[PDB]
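*Asks:* My structure is below; once you've seen it, I'll send some questions.
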Amino acid sequence: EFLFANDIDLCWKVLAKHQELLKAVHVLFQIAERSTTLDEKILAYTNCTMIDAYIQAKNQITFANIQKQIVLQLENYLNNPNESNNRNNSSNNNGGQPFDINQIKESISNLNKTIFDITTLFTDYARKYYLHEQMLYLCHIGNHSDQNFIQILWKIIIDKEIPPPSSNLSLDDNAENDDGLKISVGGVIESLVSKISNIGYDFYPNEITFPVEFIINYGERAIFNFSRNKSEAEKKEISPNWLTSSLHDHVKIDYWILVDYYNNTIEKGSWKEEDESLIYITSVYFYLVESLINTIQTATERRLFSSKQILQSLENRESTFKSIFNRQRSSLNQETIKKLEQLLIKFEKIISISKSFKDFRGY
Amino acid sequence: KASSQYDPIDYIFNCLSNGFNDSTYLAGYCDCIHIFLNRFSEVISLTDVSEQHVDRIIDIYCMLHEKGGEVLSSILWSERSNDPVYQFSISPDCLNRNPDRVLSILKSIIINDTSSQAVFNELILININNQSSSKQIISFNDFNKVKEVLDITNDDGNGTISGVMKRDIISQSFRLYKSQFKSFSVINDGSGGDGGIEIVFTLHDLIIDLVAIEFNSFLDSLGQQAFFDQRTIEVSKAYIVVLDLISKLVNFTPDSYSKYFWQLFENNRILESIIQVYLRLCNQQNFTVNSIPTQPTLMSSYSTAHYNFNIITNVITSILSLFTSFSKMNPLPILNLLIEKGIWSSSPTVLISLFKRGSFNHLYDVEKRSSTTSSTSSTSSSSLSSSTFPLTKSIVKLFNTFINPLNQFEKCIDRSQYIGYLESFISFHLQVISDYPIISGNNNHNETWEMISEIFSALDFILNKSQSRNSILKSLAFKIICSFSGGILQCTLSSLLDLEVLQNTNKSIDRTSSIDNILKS
Amino acid sequence: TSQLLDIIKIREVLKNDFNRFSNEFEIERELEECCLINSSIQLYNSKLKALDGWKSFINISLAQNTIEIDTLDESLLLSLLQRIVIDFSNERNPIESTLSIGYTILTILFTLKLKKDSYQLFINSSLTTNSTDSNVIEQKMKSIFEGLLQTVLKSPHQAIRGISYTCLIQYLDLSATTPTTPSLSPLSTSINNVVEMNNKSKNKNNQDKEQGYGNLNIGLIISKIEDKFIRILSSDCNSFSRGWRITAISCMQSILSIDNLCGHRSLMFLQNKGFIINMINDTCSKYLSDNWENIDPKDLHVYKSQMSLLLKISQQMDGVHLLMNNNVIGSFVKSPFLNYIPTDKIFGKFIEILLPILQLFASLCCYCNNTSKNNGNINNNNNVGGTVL
Amino acid sequence: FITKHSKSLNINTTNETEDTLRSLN
């Protein structure tokens, strides 16, 4: 009673050392009621996951952490309103009205007082203010199953990090002044990789909210479309494993699982429609197989890499690339031709390793 | 009142099921029961009977033709203007509801070339005319084909066409599929309101519409539901009946008509659609089995899961029936299509490191699991069916139609791959011999022992043509012989001793003509 | 104790705070829900009564030898054992119920060992020339082993793993074949005669397959689970209290007698987790320090089982290498105990601690002899650098 | 983030397009 009347924050710690755990939790729940910010309430419910009740507290932390991410992007919109228009303005002068600075501050003012449920967080905030990333987190927490809606969210997230392909404004060579940040082909990939990996880390192996084959097939197509018009000078910032390493290095997706998601991407997708795109995705696939050959350790793995299906895919991929390469060896330039000739010698070595790991069974 | 205590119709169903199979007078029983069903229907209209007893009258009427032979098919082909069960089945208020009833009568009548070609004519003479006052709408995929073919850029959305058409266009018949020919009529009532459009189409055009329209939308409703609705169950009945009907027509119609059904399916890609169905259904069997754990609500879900499994197994059985029937006439493109759609393989390693749901070995393992798991719950006294093997017995039939034409295939496929596809076929025949004691634990011995006679007949054909100059057949015969170590020779010897026991008990004169032909294989 | 809902006190409080309900038919339904929940709790309690009756009935019907062990039908006992090992793997057990099943699994395996060690098992299925029936017996025995391993992989509960470790020991003692007869050597056969080399392949190509398949089935179960099973067991070998620590260490010894059939992988996994050096340091500091006179006799059995595991490791070529690659001789030889000149009142406890060390040190000398077969058949580059001493 | 006792997000997304999710109308 004395601490609950004078120091409520010492009160729950004393009750916890007295092993009165359910009373410490009932003081901490009343901190999370009475508290003035969202931060105090996350701390108080986090203690109710260091002490049924635990799962209710962990759900309140879960909603409150996405509710903080909604507040942060609303204050970013208030601080940087010139960017939150200029990233969108590129394709049309359709000035859809910039959000009411009173209503955003009323939203923030209420988001900082009380935790909301997942459907109120989705509807009146995340969907209202076009927060597709925070909408996708709410779909994961809520186990929402509309695979088409999730693919549209993933597309709109990829098409928020990739800047749209610059149209033919004129070479009026006297424009000396403007430090308008030329985002590198590195820097676009660096932002997009971070956007994919850091969302994947909370979700995987949820194939509904992290649809790996779609994220690959659209991400590689969007970096292909962005890079196609670039100079061969900028097509030297692009890592051939830009997405494929980070999905292993951070998201912990096995290189064996990635190899057949890339076989599915090449077999199912619109990659068969254009030579330059089929050369691109087949190059990523063979650099992903080059990663896998450096991770293969056991006799069991060597005994899988020598399977008929893997060997026959590698020989089909080499035959396909080698056919298209000699179709284009009359139109390509004398660096890019050599770039593809030095790739072919890797693919022929990769097929030789799938064959040596096969006949490592006659001894 | 009689049906509410001791029903005389299901009595006749048990009479035709369980009474007369081994009777050297059988067709004379059918030629009497046919006159009972007719002289019953001459006194009670089949509109005035509850439709479950009408379905059972159709079950019985179908069994009367199949067990009566051409003795009843030739009576019906001469008295069908007078037969009330047939005349009810071709009535518009039956046809525009439950056409699986008439399609089952047309299925059962097929027994030889004579009755098969008669059904092929009558399917084109039965015209379905939507002259009941219920506006049934044109099937949406053909409504859009008619919208395309006629420049119908204005639409009213009601399935009507509020446009001043030329009668000189409508007085023509249209190919909504290749070798289909639906006709169109304008109802000119005399009011001057709706100039309504009738379609006049045959029961043969409807067989094409079930197989090339409705069954695709049924595949996507199956793709969204873990339990079937009443219409999903009814469309499944109708599709089983249509697949068996076309399968019988392809077995028993002479050269020109079995080639017409081939070219009809070929030209409209129908064999690829049926394989996309097969590949989905074989994956849904992996959900209806692996959702069983190993108050009324627990008995109703388990019963519905078993019923839905039996429906899927029957649809796949009728697909394998139709593929057996087509492979008797064109074995090469059916074999190559089962390989190209990835049901089959020339390498056991590629089966093992893919484990594809809907490879033939996966379907045998599923039928082996549903037939063995039933053995434990021996605490109740309900009339469950014995475990049968209709799927595996249809897989054997589909393999035997590739084996008989072996001496033709040698000029039509690579020999190295064709050895590999025959090694995997032989490996399946061998597995069904090694597992024989697990299968024969099920009381349906006759069916299993026939399936093994159909296996031994095909392996004998490979051995007796291996002894020639053919090197393909010698490699395959050596691989059969190298597989006859221990358990495969044991289970063969067990069957030859079970045959010695059964010819030692059933000295009762009533030896079925199956037993002494299982010995003869 | 077991709690039920007090339908009287509930009906009285619902009638005091009636203000929550639209009408009394709702109150009488919230009481219907409590009467249903009490009925299913009563049925839950009687199913538990019936297991505790059934377990005590069976273990008394075995542990008195009141049924003649010759007559005890292994086809019935393996069908019971295969049934109840499934529920012994269920993560929805009671602890009490899963233990009551576990002790019944243990008695059935022990009675089957007491049959093996008096009579040949399965005689009725060698008197059938049915290759089917021995296949059904392996499939039952295998369905028991892959199940006992699932209880280890799933269970957090020490005694449920501990019973499964005793059952896994008894299973491996059941599946191990008796010795073959010694092959008498006719020492006088020195002269010329040619033909009877070539027929000697055939009969070993059978008996080495037939002992091979059972041991390869065990090896092809362990070698799927390995990284998790040896990881859980090597944790439990240092995470368990006293008596069950010994059971886990005995289980590790029984597995190392079979690890040759995986390819010394459990042994290599223990070094790839520091378990060998950590168990050497756990041994010297606690049993070979100055306080050895004061060792508790309950944990002197933990010492003996730790030493019997070092003795089981030194019984392998790679194991002698791995004991020297943790300085075993030098790391025991530094320990205070060995400096002690023994005096009469304590001599037996000194011999009980010195004897396992002298067995281990003698065992390390054994393998160092096999260097003499280097017939240079060159062909194939299988660069597996195994350390020939 | 998954918990076995989250509130399911019982929304009807079947009327959303890439347009209605990209635009300010």
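A note on labels: chains of the structure tokens are A, B, ... as shown, every chain counts residues from 1, and ligands are counted from 1 in their shown order.
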Using only C-alpha atoms, find the residues of chain A whose closest atom to chain B is at most 10 Å away, then write them as a list in words.

*Replies:*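 Taken together, these residues fit the definition: residues 304, 307, 308 and 309 of chain A.
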
*Asks:* Can you tell me, as a list in words, what residues are no more than 12 Å from residue 350 (chain A) when counting only C-alpha atoms, ignoring any on the same chain fewer than 6 positions away?

*Replies:*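 Residues meeting the cut-off are residues 285, 286, 287, 288, 289, 290, 291, 292, 293, 294, 305, 306, 310, 311, 313, 314, 315, 317, 318, 343, 344, 356 and 357 of chain A.
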
*Asks:* Restrict the calculation to only C-alpha atoms, then for each residue of chain A with any atom at most 10 Å from an atom of chain C give the closest atom pair and their distance in Å to one decimal, rows by chain and rising residue number, as JSON lines.

*Replies:*
{"residue": "A:360", "atom": "CA", "partner": "C:382", "partner_atom": "CA", "distance": 7.8}
{"residue": "A:361", "atom": "CA", "partner": "C:382", "partner_atom": "CA", "distance": 9.7}
{"residue": "A:362", "atom": "CA", "partner": "C:380", "partner_atom": "CA", "distance": 8.7}
{"residue": "A:363", "atom": "CA", "partner": "C:380", "partner_atom": "CA", "distance": 6.4}

*Asks:* Please produce a file of those selected residues containing N, CA, C and O atoms, as an mmCIF file, in the first residue's frame.

*Replies:*
data_model
loop_
_atom_site.group_PDB
_atom_site.id
_atom_site.type_symbol
_atom_site.label_atom_id
_atom_site.label_comp_id
_atom_site.auth_asym_id
_atom_site.auth_seq_id
_atom_site.Cartn_x
_atom_site.Cartn_y
_atom_site.Cartn_z
ATOM 1 N N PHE A 360 32.582 -39.151 -57.627
ATOM 2 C CA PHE A 360 33.004 -39.390 -56.224
ATOM 3 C C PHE A 360 32.123 -40.452 -55.507
ATOM 4 O O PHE A 360 31.551 -40.238 -54.436
ATOM 5 N N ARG A 361 31.922 -41.581 -56.194
ATOM 6 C CA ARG A 361 31.184 -42.792 -55.793
ATOM 7 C C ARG A 361 31.730 -44.056 -56.479
ATOM 8 O O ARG A 361 31.241 -45.148 -56.207
ATOM 9 N N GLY A 362 32.672 -43.914 -57.422
ATOM 10 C CA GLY A 362 33.451 -45.025 -57.987
ATOM 11 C C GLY A 362 34.704 -45.368 -57.170
ATOM 12 O O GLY A 362 35.366 -46.360 -57.469
ATOM 13 N N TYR A 363 35.003 -44.538 -56.170
ATOM 14 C CA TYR A 363 35.976 -44.689 -55.092
ATOM 15 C C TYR A 363 35.299 -44.159 -53.827
ATOM 16 O O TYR A 363 35.507 -44.753 -52.754
#

*Asks:* Which distance in Å separates CA of residue 28 (chain A) and CA of residue 45 (chain A), to one decimal?

*Replies:*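 So the two atoms, CA of residue 28 (chain A) and CA of residue 45 (chain A), lie 6.9 Å apart.
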
*Asks:* Any idea which chain A residues end up within 6 Å of chain D if we count only C-alpha atoms, as a ChimeraX atom specification please?

*Replies:* /A:96,119,141-144,202

*Asks:* Tell me, counting only C-alpha atoms, for each residue of chain C within 10 Å of chain B, which pair of atoms is nearest and how far apart they are in Å to one decimal, in rows ordered by chain and increasing number, as CSV.

*Replies:*
residue,atom,partner,partner_atom,distance
C:86,CA,B:294,CA,9.5
C:129,CA,B:490,CA,8.9
C:130,CA,B:490,CA,7.2
C:131,CA,B:487,CA,5.8
C:132,CA,B:487,CA,6.6
C:135,CA,B:487,CA,9.6

*Asks:* Mind pulling up the distance from CA of residue 51 (chain A) to CA of residue 14 (chain A)?

*Replies:* 12.7 Å

*Asks:* So the first atom is CA of residue 229 (chain C) and the second is CA of residue 271 (chain C); what is the distance between them in Å, to one decimal place?

*Replies:* 15.3 Å

*Asks:* Please identify all polymer residues within 12 Å of residue 465 (chain B), counting only C-alpha atoms, omitting same-chain residues fewer than 2 positions from it, and present them as a PyMOL selection string.

*Replies:* chain B and resi 403-407+458-463+467-477

*Asks:* Using the selection just defined, write its residues with C-alpha atoms as a short mmCIF file (atom, residue, chain, number, x, y, z; two decimals), in the first residue's frame.

*Replies:*
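The result, written out as part21.cif:
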data_model
loop_
_atom_site.label_atom_id
_atom_site.label_comp_id
_atom_site.auth_asym_id
_atom_site.auth_seq_id
_atom_site.Cartn_x
_atom_site.Cartn_y
_atom_site.Cartn_z
CA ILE B 403 2.83 -53.32 -72.81
CA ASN B 404 0.72 -55.19 -75.47
CA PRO B 405 1.91 -52.82 -78.36
CA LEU B 406 5.69 -53.04 -77.31
CA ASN B 407 6.79 -54.29 -80.81
CA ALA B 458 1.63 -58.40 -68.73
CA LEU B 459 4.91 -59.69 -67.19
CA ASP B 460 4.39 -63.03 -69.08
CA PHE B 461 4.05 -61.04 -72.37
CA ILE B 462 7.38 -59.24 -71.65
CA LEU B 463 9.13 -62.58 -70.81
CA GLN B 467 13.06 -64.84 -75.69
CA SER B 468 13.10 -63.40 -79.29
CA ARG B 469 15.90 -61.23 -80.88
CA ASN B 470 14.73 -57.98 -79.13
CA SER B 471 17.44 -56.54 -76.79
CA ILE B 472 15.07 -54.02 -75.02
CA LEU B 473 12.87 -56.91 -73.86
CA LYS B 474 15.96 -58.96 -72.73
CA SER B 475 17.23 -56.14 -70.45
CA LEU B 476 13.71 -55.75 -68.97
CA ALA B 477 13.23 -59.56 -68.58
#

*Asks:* Go through region 229-363 of chain A and collect every residue that DSSP, computed from the backbone, puts in alpha helix (DSSP H); the answer should be as a ChimeraX atom specification.

*Replies:* /A:244-249,255-268,275-295,299-305,308-328,336-359

*Asks:* As a list in words, please: the residues near region 212-216 of chain A (cut-off 9 Å, only C-alpha atoms, same-chain neighbours under 2 positions excluded).

*Replies:*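 Listing them by chain and then by number gives residues 151, 154, 155, 158, 196, 207, 210, 218, 219, 220, 221, 243, 244, 258, 261, 262, 264 and 265 of chain A.
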
*Asks:* Return the single residue from C:50, C:80, C:317, C:184 that is closest to residue 370 (chain C), with distances computed using only C-alpha atoms.

*Replies:* C:317

*Asks:* Determine the nearest neighbour of residue 322 (chain C) from the options C:275, C:340, C:350, C:287, counting only C-alpha atoms.

*Replies:*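 When distances to residue 322 (chain C) are compared using only C-alpha atoms, the smallest one comes from C:275.
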